[PDB]
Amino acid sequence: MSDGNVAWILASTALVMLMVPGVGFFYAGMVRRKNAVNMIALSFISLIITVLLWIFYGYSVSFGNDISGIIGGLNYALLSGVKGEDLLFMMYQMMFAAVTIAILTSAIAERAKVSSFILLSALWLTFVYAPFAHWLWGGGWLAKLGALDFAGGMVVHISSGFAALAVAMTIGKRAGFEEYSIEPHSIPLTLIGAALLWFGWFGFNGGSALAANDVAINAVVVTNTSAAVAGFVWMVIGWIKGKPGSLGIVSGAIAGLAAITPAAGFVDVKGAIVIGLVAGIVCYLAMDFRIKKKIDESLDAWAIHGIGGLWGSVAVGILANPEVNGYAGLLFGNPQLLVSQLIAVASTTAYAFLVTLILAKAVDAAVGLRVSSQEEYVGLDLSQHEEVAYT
């Protein structure tokens, strides 16, 4: 099977798995001390829950026999009939789902019942993630329309980003969100998370070529390029508005990483530079706007991943370079690829937001998403885990 290709994907799988707790640390540092354990714990639970549902039926529903082009069958339930390289693909994809669910916890920071999060996550993975993966990567209707998504601009970033906006609107603002600002309890912990996310993204984008080839190498080059450019943009914006906070710098880098994800294997370094530059700008504007609208989409999964994934996914249809990986976008003579991307971006953006809204409200009505006021006050570490982060 080419030991080298299996070697690279085995490693890329480990790298993406690390990104799950990586998201947890990234977010934990931005919430209050009394919620530090909860924020981290949520990412580990996201991993555990995803592994189980994925092998049980999540993998099958995503990449199984296509039915009407919107979802897969159950022929791969419990991995029945999944062997050889399919098992490695299954494993690799499993981690994309896990990271997606973790990114989503941004919207429930500091005020959700763990049990309700588990319920909603299982429903979301089933009715939003699996479908998306199938549409684009499982021979679904979007792939048929000619839409592309190299590493998850829509499957992972738009889905979690817009799903996060809907959840934030359903669960409500944290107490004191509008009156007083919430200070990050540990920026260093967040920076450790940021380091693990940049590192693991080598496997996220670089492993999506499913081989140690020229496409993987290109994906690694443009991924670092877009991250650097977008991170630089936020640094400049920071100086323009005051001082360059470290949170802004890494948030900018992640915007660049999310935007380049859908295009990593189709664009050149110059295209990567444009994607990162625009990503840095549009994502910053999105953050300021949701803040102005007073929406407590806490850790900006929407502004960074949602908007970052949206731009990047559209950018594919504009900048795809034929000399890089065969596909050509608008600027390279093919207006058709741009239309496929817009259809894909429009579909996934609307479904993610609207279906998540339905799922959130449903769970809220069935069991209640938010913790009591007193638990929010004492913190979820004590309330939901009976633990104290630091002594």
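Throughout, we count residues from 1 along the sequence that is shown.
Comparing 341 to 349 with 61 to 69, the higher mean C-alpha B-factor in the PDB entry belongs to 61 to 69. The PDB entry reports B-factors from which the mean C-alpha value can be compared for 190 to 198 and 125 to 133; the larger average falls on 125 to 133.
Comparing the C-alpha B-factors of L145, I249, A109, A259 in the entry, the top value falls on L145. Of the candidates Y27, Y327, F44, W54, the PDB record gives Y327 the highest C-alpha temperature factor.
In the PDB entry, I49 places in the middle third of its chain by CA B-factor. Compared with the other modelled residues of the chain, the Cα B-factor recorded for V367 ranks in the highest third. In this PDB entry, the Cα temperature factor of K292 sits in the top third of its chain's modelled residues, the highest group. Placement of the Cα temperature factor of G152 within the chain: lowest third of the modelled residues, per the deposited record. In the PDB entry, a CA B factor belonging to the lowest third of its chain's modelled residues is recorded for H185.
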